[PDB]
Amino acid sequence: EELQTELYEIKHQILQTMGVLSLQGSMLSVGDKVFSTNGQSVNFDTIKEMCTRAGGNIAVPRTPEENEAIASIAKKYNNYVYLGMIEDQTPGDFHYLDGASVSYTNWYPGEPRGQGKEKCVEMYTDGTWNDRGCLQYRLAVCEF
C-alpha cells in the first residue's frame, strides 16, 4: 500500500536526477546503458582504470545505436575514443575485455589491419573503427 507510493516517488526522483545530468550533457542514455566521459584523453589502460574506479567499464558499442551514441561523444570532444575490446592471438579477431568475441563491428573500410600484436580499437569521429596501438591519447568514455 505504502510501497506503491514510495516506488513512484523514488522513480520520479531518479528520473529527475538523470534528467539533470542529461541536460547538463554529463551523460547519454541508450537503452539500459549510460555513457559518460570526463573529457580526459589518456591511453587504454589508463581509461580502463578510470571507468572501473567510477564503478563502470570502458565503453563498447554492441548495437548501431550504442555505436552512434559514443560517436557523438567522440565528435563533441573532437577526439578519438578507445573501445572496450582487444585483438586476440589470431590477428584480425578481437574480443570483449571479459573474453567473449566481438559481435557488432563498424570497421572503417579495409579495417582491421595493421602492424602489431594485441592491438586496441579506436573510434573515428564518424563512428567507424580502426585498430592500432594502445598507447595513444584517446577520449575516456565509460558505460554504466
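Just count from 1 along the sequence shown to find any residue number. Just so we're on the same page, rigid core means the largest C-alpha set that superposes within 1.5 Å between forms.
> Determine, for 115 to 123 and 77 to 85, which one has C-alphas that on average lie farther from this form in 4 other deposited structures of this protein; superpose on the rigid core first.
Output: 115 to 123, the stretch lying farther off on average in 4 other deposited structures of this protein.
> Averaging the C-alpha B factors as listed in the entry, name the stretch that ends up higher: 45 to 53 or 88 to 96.
Result: 88 to 96.
> Do the C-alpha atoms of 14 to 22 or of 131 to 139 have the higher average B factor in the entry?
The stretch with the larger mean CA B-factor is 131 to 139.
> Quick one: which of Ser101, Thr63, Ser36, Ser29 has the biggest Cα B-factor according to the entry?
Highest C-alpha B-factor among the listed options: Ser101.
> Considering only modelled residues of the same chain, in which third does the CA B-factor of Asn106 rank: lowest, middle or highest?
Lowest third of the chain for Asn106's C-alpha B-factor.
> Sorting by Cα B-factor within the chain, modelled residues only, which third would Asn79 end up in: lowest, middle or highest?
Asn79: CA B-factor falls in the middle third of its chain.
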